[PDB]
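As a plain string of letters, each chain reads:
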Amino acid sequence: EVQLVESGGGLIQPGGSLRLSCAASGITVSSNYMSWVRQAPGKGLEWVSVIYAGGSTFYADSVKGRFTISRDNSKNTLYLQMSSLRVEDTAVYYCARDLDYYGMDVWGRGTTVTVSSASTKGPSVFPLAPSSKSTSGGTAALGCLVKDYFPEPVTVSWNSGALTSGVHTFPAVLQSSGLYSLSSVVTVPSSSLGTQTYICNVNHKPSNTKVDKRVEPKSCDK
Amino acid sequence: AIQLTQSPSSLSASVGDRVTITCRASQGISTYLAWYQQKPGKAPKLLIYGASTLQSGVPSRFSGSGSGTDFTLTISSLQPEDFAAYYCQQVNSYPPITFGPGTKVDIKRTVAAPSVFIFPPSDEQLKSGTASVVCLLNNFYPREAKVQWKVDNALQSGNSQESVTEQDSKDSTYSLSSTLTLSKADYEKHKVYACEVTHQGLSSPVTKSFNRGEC
């Protein structure tokens, strides 16, 4: 089946500018046409149209001059450029594969937009573990604490159990405050304590801090 | 443009429930009306061409109809995952495209009370002077499981916030996220803290306690 690759993250003051990229794969885009979509949580769902198949270009009335499209058929790459994002232009965006060209069929990876009065901030590392029963219990759930930070992306990694994709971590949800909060809970075998040194940290995306430390058991006897 | 509506805005169903929903507009849009489905965290799906034109990749359980000012949709088979919200939308050369209000179609099993779980609170909640009590609320349906916080099992006017989550067919139930803000003074006078739920599936008053030393 035909697939694409999307891209994009926008974090600017009101009136934001950026250029994007979205390239289909498996077939030349000369024959097939495809328009970007708005997938705003809370706000809802909006879309775009294309030229030479449906014709011209679909923007909102004020958005008409504030968003622009082009196309690179030989490269089979589609790009999106904005110059002045609106105050409520704060949303994630995908693109929707078209077969009959007025109905969406297949999506890519996404593109997010952020215009917030808050500035870059980073949380701390507060991992959690159950009590001393793990010495005999083969498996148990762990914990972590992350809250009150700047845009959702937080990545939690553990050096035991399944791969890095097994950590129960997702982007958070924004409210009027501007901060963000989530949690991390992971269940890994406890027999690796005597063979692999445990390491936990927060891989916060807009953090601008890189500190790595190891993890040791509770050691309540000390 | 034009206005548009659906009947109803939310319906409850069950496995195999042949759901019958309607979309009405004032002036008929001829053959180019397309209903749409929406799964949370998932891409929507174009559903029907014309009135009942079936396309590739979809099981034949669907049946769309309606004419003139009214259009309908009746789906012969309901596999349990068919829980979704559904949009209606026309097609025209007019670049603006209008979508009618959705119908939050539900799959109803019974009236079930929530479960109880707890994790220790984060360190920022202690430092800020706003003491907090955590109690993970899960596995309830229907949604209206009214949540109250009875400090020392004492009923109060408020002190409760809610942000309910979605169906997870792994358990066929809802779940809830809450927020509690209180002054530091109230923490010292009271000893043991717990949360209460008022749901229509309860046969007796319910209160829960647990050990901080547990894990």
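- This deposited entry lists cryo-EM as its structure determination method and 4.4 Å as its resolution.

1. Details of the pattern of salt bridges
All names here are of chain B.
Alright, step 1. Overall, the coordinates contain 10 salt bridges over all chains when judged by the stated rule.
Alright, step 2. Where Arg143 meets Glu144, a salt bridge forms, and the shortest distance between an N and an O atom there is 2.6 Å.
Alright, step 3. Here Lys184 ties to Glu188 by a salt bridge, and the two come within 4.0 Å at their closest N and O atoms. Take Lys184 and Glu188: they sit in the same class, and that class is exposed.

2. Thoughts on the side chain of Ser175(B)
Alright, step 1. With respect to the helices and strands, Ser175(B) occurs in strand β13 (residues 174-179).
Alright, step 2. Once residues lying within four places of it in the same chain are set aside, the contact partners of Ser175(B) are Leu137(B), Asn138(B), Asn139(B), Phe140(B), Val164(B), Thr165(B) and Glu166(B).

3. Here we look at the environment of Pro114(B)
Residue and element names in this part refer to chain B.
Alright, step 1. As for its position among the elements, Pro114 is in the loop between β9 (103-107) and α1 (123-127).
Alright, step 2. Residue class for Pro114 comes out buried when judged on its relative accessible area of 19%.
Alright, step 3. For the pair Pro114 and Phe140, spaced 26 residues apart in sequence, the C-alpha separation works out to 4.1 Å.
Alright, step 4. Apart from the residues within four sequence positions on either side, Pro114 is in contact with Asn138, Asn139, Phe140 and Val197.

4. Let's talk about the sheet that holds β13(B)
All names here are of chain B.
Alright, step 1. A sheet is described by the order of its strands in space; here 3 strands give the open sequence β10-β13-β12, paired in antiparallel fashion. Of all the strands in the sheet, the pair left with one neighbour each is β10 (137-140) and β12 (161-164). On average, each strand axis in the sheet is tilted by 30° relative to the strand beside it, whichever way the strands run.
Alright, step 2. Examined bridge by bridge, β12 and β13 share 4 bridges and lie antiparallel to one another. By the bridge assignment for β13, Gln161 is matched with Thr179.

5. Focus on the interface of chain B and chain A
Alright, step 1. Across the contact, 24 residues belong to chain B and 20 residues belong to chain A.
Alright, step 2. Summed over both sides, the interface between chain B and chain A buries roughly 1600 Å², with carbon and sulfur atoms accounting for 70% of that surface.
Alright, step 3. The largest share of the area that chain B buries against chain A comes from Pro44(B), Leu46(B) and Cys215(B), three residues that together contribute 26% of it.
Alright, step 4. Counting across the interface, chain B meets chain A through 0 salt bridges.
Alright, step 5. At the surface where chain B touches chain A, the tally comes to 3 residue pairs in polar contact.
Alright, step 6. By residue number, the principal contributor to the side of chain B that touches chain A is α1(B), which donates 4 residues.
Alright, step 7. The residue inventory of the side of chain B that touches chain A, partitioned by class, reads 15 nonpolar, 4 polar and 5 charged.

6. Things to note about the environment of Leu47(B)
All names here are of chain B.
Alright, step 1. Topologically, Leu47 is positioned in the loop between β5 (45-46) and β6 (64-67).
Alright, step 2. A residue is classified by how much of its surface remains accessible, and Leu47, at 13% relative accessible area, is buried.
Alright, step 3. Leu47 sits 31 residues away from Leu78 along the chain, and the two C-alpha atoms are 15 Å apart.
Alright, step 4. Filtering out sequence-adjacent residues up to four positions away, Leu47 remains in contact with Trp35, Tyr36, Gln37, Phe62 and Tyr86.

About the cut-offs
Sequence order as written determines residue numbers, which begin from 1 on each chain and need not coincide with the entry numbering; residues that lack coordinates are not included. Whichever chain is written first is A, and whichever ligand is written first is 1; the rest continue in order. Note that the chains on view sit within a larger assembly, with every value limited to the chains on view. Excluded from the side-chain calculations are hydrogens and water; all other atoms, namely the structure's heavy atoms, are used. Should a side-chain nitrogen of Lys or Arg be within 4 Å of a carboxyl oxygen of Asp or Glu, the pair is scored as a salt bridge. Three exposure classes are used, based on accessible area relative to the maximum for each residue type with a 1.4 Å probe and protein chains only: buried under 20%, partly exposed in between, and exposed over 50%. Helix and strand definitions here come from DSSP, where helices need a minimum of 4 consecutive H or I residues and strands a minimum of 2 consecutive E residues; each element is numbered from the N-terminal end. Residue contacts are counted whenever heavy atoms from the two residues lie within 4.5 Å of one another. Strands are labelled as partners when DSSP assigns at least two bridges between them. Angles run from 0 to 180 degrees between N-to-C directions of axes, and those axes are lines fitted to C-alpha atoms, restricted for helices to the stretch in contact. Here's the idea: put two parts together, see how much 1.4 Å probe accessible area each one loses, and the total over both is what we call buried area. The term polar contact refers here to a pair of N or O atoms within 3.5 Å; inside protein, the definition further demands a hydrogen-donor-capable atom paired with an acceptor-capable atom, and it admits residues adjacent in sequence only when both atoms are side-chain atoms. Residue polarity is assigned by list, with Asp, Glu, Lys and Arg as charged and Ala, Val, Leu, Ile, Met, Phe, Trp, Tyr, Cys and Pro as nonpolar; anything else, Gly included, falls into the polar class.

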